[PDB]
């Protein structure tokens, strides 16, 4: 019962914004889990494996701004490694807690289970260094301030951190903090900010019209409000790329569609690439987001804002918080921007599938799309207001979407969750559907059944057997992963049928699994343009 390091960690964890802890137990963390169970502030969420748990934590942090994952030493942590890496790649603040053997056992070099048999206990700690921003081995002498330093670094960088918690250290006495862990707002040096403002002001005084391109880093740094308000006060052509989709209400004036480099719609190209001044806010021009680096945006044409630095033309201004750079640009845009941007089929195909989905989505939806024709077709959806669109095109790990949806629904139990996963992707993390059923979640899961890896087929070897998959009976999965699923599952092959099923599952009273029958070679237009561009770089 006495307050201890385990309780301190859980206290700090809630301060950061996580009300749940994902993971799977092991003998090295059971005593820590006692404090999780006993805590009135954090809810334990056992998952079906550690990889899914790390994915779910990622989806949770994309909804609540923070997440935590608990695994056991060695077998647990190394299983979650692909998940933490994806969190690092896409700037998701997920805390990895690793329950470990007591320090005396470690110092004695004992041949314990979950080790390499060499008596070494730091292999996996060091292996996790490239995919976290901060890390620590908690000791009796450092525990509380190493907890605080790692979590603070995660909050500042919006990226994963790692804590190793030996069983004995977790029971060490601690003191409840009077002060809650605070996200200290950084302020740039006044001269540096003025120098950035002066160069931006000179550049913005050049613009004949200005366009705004924002992406996922404004989502991670809690700047969604700022960019929405910014387009309101200064109406201009604005867009996101795939990663940042959902920043804006896509029905509003000034929005013409998602930007994907040369794969963009013609109206979008003129809106973004045709503007003489483009403001890039939190952008990363990855190969997928630019359809093979086919974006036409010169440095002199752009003003770029990143988490700790901003660029005007060829000059970088470092040590400037993203927020201040945005407030500067918003203030300057009220000065120099003056323009107003003048305020049902038979057989299912990709084209009519997404057309049907367009009529189904609603404000407040949480939409998750996996790599493949799912995410590459979802890019064409015109999202209404208050849509959380979760996609992972930089890391691109298939299977993330199904497990991340379990985490997202846990984060937002009162919101309608739409899961768009390919058949290939869903096989990698299928067991989390059981967790969804056990927790009585009601997402609308759409499995795109094209009988294999269609995006791989389009890239190379459509004929090749390695692009096939085992053919599952998708509508029967919930009845196997639950003793009383109470789900409603359909297998659809016509647009009429799909539209009717959508109205039936509209109010998500039960878990819904819709198996969508699609052709093997049918690809959305973004994938077509991606493969066309691949002719040059991949030969």
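Numbering follows the first chain given and starts at 1.
Per the record, residue 343 and residue 344 are separated by 10 or more deposited residues that have no coordinates. As the entry records it, the average C-alpha temperature factor is higher for 470 to 478, out of 50 to 58 and 470 to 478.
Across the two stretches, 447 to 455 and 266 to 274, the PDB entry reports the greater mean Cα temperature factor for 266 to 274. Within the selection 430, 155, 219, 226, the deposited Cα B-factor values reach their highest point at 226. Per the PDB record, 235 has a higher Cα B-factor than any other of 119, 235, 86, 93. Placement of the Cα temperature factor of residue 528 within the chain: highest third of the modelled residues, per the deposited record. Residue 5: CA B factor lies in the lowest third for its chain, per the PDB record. Residue 40 sits in the middle third of its chain by CA B factor, as recorded in the PDB entry. Annotation for residue 515: CA B-factor lies in the middle third of the chain's modelled residues. Sort the modelled residues of the chain by CA B factor and residue 403 lands in the lowest third.
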